[PDB]
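When we follow the entry's author numbering, the leftmost residue of the sequence shown carries the number 1, and every step to the right adds one.
Notes follow once the structure below has been shown.
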Amino acid sequence: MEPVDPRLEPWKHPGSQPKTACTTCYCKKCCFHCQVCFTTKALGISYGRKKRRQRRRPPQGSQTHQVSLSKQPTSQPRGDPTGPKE
């Protein structure tokens, strides 16, 4: 599929890195919150815009969550509640 990897210049795409309900589930199992996705409604795999033409190497070392490789603490993590480890 086309918008899979999380690195958009129109940015709200956490995508799939702690992968369960698309991204983040359960609170105690997959990354801290009960279901906080954001990619599933707005921007990602077949979601909201559906075919956004951008991928560009985001998991380059360690973890993505909600980053896009540029200024690493990217404001607030809106879907996937953590951020970098690179």
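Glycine included, every Cβ here is placed at the ideal spot set by N, Cα and C.
Please tell me whether residue i and residue j are closer than 8 Å, where the distance is taken between their beta carbons.
i      : j      : result
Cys-37 : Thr-23 : yes
Residues in its own chain within less than 8 Å of residue i by CB, not counting five upstream and five downstream?
i      : result
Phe-32 : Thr-24, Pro-81, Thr-82
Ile-45 : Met-1, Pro-3, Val-4, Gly-15, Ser-16, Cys-22, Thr-39
Which residues in the same chain have their Cβ closer than 7 Å to the Cβ of residue i, if we skip the five residues on either side of it in sequence?
i      : result
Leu-69 : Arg-7, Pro-58, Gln-60
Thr-39 : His-13, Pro-14, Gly-15, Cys-22, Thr-23, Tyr-47, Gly-79
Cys-30 : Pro-18, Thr-20, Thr-24
When you compare only the Cα positions, how much space is there between residue i and residue j?
i      : j      : result
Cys-27 : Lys-51 : 30 Å
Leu-43 : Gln-76 : 17 Å
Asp-5  : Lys-41 : 16 Å
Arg-55 : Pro-3  : 6 Å
Report all residues from its chain with a CB closer than 6 Å to the CB of residue i; omit the five preceding and five following residues, and keep chain order.
i      : result
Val-67 : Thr-74, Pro-84
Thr-64 : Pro-6, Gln-17, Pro-58
Around the Cβ of residue i, are there at least 16 other Cβ atoms within 10 angstroms (buried) or fewer (exposed)?
i      : result
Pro-10 : exposed
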